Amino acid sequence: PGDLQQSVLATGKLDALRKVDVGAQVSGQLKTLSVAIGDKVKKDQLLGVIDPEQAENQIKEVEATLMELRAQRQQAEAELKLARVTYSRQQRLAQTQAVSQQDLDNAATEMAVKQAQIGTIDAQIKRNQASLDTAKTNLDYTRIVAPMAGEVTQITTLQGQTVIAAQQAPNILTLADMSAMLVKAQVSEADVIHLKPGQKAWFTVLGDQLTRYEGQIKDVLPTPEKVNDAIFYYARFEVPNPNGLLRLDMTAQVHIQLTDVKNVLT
């Protein structure tokens, strides 16, 4: 009854928990950017604005169209007020003989068209409420706000540059959460099926090789990467980064305990 267990050393890479690259869905010049790398932002914090002015005129243009139909209904309800008195007035001269039926029948039928009149316009006054909205959520597109809470990792698009998305979404800046990081470990295929979720594992960090970071694996990527023409596989675990220490692509020495069962005889 002896022992048998094996560890696998691997070179790993430290990465941010959540890493995003903000984009613009609109074209024009990036008027104002309000961050530089190092600024920490909240989720939904206005990160920058692209030239809205033309998307604003696109609103003037609409609301104005909304006042046009607004004075039309006011022409429908005038017809309605008239065609509705003429009605009664004759509905009355009816039991008194002074209109008969015909005239009365042609008077009530207008009465109805005039009714179906403010209805036509109103649906239009309604359709455009939705043409103003759709022309507004574009001005909600000139405001480049964040998709998550993190740190401004990089700004590939600076204040002053022009951005046209017509056929390719731009890349304004990129955020990333550093709190909890990640350690994509390179464990060759020659020994990945021995790598099982929930195993030990610890690592140093080149500069300062004696501080150690604990951590149990909890991930493995089905998608490999060839290195020198030798396929590997990332193995992952989580390590908290409450302070600065540990940055993007900071190398590491990973240690993993595949087997450890003790006393059974090899």
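A residue's number is simply how far along the shown sequence it sits, counting from 1.
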property	result
Given 134-142 and 89-97, the range whose Cα B-factors average higher in the PDB entry	89-97
Stretch exceeding the other in mean C-alpha B-factor - 159-167, 109-117	109-117
Criterion, highest CA B-factor; candidates, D177, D122, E189, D103	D103
Ranked C-alpha temperature factor of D39 among modelled chain residues, by third	middle
Ranked C-alpha temperature factor of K126 among modelled chain residues, by third	middle
Within-chain third of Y233 by Cα B-factor, per the entry	lowest
Third of chain Cα B-factors occupied by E56	middle
Position of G28 among the chain's modelled residues by C-alpha B-factor, lowest, middle or highest third	lowest
